[PDB]
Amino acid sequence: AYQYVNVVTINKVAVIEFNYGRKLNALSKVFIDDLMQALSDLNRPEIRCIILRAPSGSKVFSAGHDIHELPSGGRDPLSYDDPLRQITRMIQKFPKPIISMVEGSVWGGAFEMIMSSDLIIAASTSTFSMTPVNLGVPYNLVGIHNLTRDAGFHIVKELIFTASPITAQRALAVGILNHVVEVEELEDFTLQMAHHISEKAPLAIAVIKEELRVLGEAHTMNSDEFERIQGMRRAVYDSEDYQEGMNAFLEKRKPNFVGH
């Protein structure tokens, strides 16, 4: 029923499995359109819990935002109706829990996507990287905020400023992951927890989830502060460095950033 995802229903749990292996489940507009369609189709009282996953044995869970779909320069790369912006809002507003079940490496926007979900259960061999400083991308306020609700600020700044992968074991220690399991146990450990959640009161889960969403968003600022940040972001997406970051990825080389 979808080109880019496969949905299986097990009792009251729906498992949405990525089927975009040819672009390593990059969050291209058409992939995200199918994932959002599949979530919408599952917004029914007989479904009580969602699992997001890559196919069994995947080396790459998701390669993150489709770098080819980023603008060439002079345009905001992460505007409100960008597909990554759409899917994080939809996950956060969805009235059922969404568990990210992670096998393989997770990159950039895909790391934000799983951080926006309710629980993360990961393989012992999974790895996690936050990548805008590799490309010169001015990440947006909402996107950064979605990275700050689990690990502390020092941990988050190390992840973003180094863009270095962290292990599942370190991700568990700093509070990013709920559980780390051997890859052979991942699917059944995650399904056991999803089935348990599915026996609980779904209207209580939905309103508690919404209350947590609203409290998590409730860091408020005045208009001048937001427009000041937007002007800083524009200077970045106008920079030579942003174009060097895009070109280095296209030419498969290490970018040379100079600070303009």
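Whichever C-alpha set is largest while still superposing within 1.5 Å between the two forms counts as the rigid core. Each residue number is its position in the shown sequence, starting from 1.
Rigid core superposition in 5 other deposited structures of this protein puts the Cα atoms of one stretch, out of 66-74 and 226-234, farther from the shown form on average, and that stretch is 66-74.
Taking only CA atoms, the mean B-factor in the PDB entry is higher for 38-46 than for the other of 38-46 and 210-218. Note on 82-90 vs 67-75: mean CA B-factor is higher in 67-75.
In the deposited coordinates, the residue among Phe111, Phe189, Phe153, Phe161 with the greatest CA B-factor is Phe189. The entry lists a Cα temperature factor for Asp118 that places it in the lowest third of the chain's modelled residues.
Looking at the C-alpha B-factors along this chain, the one for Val15 belongs to the middle third. Ranked against the other modelled residues of its chain, the C-alpha B-factor of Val60 as given in the entry falls in the highest third.
In this PDB entry, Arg234 carries a Cα temperature factor that places it within the middle third of its chain's modelled residues. When all modelled residues of the chain are sorted by CA temperature factor, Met193 is found within the highest third.
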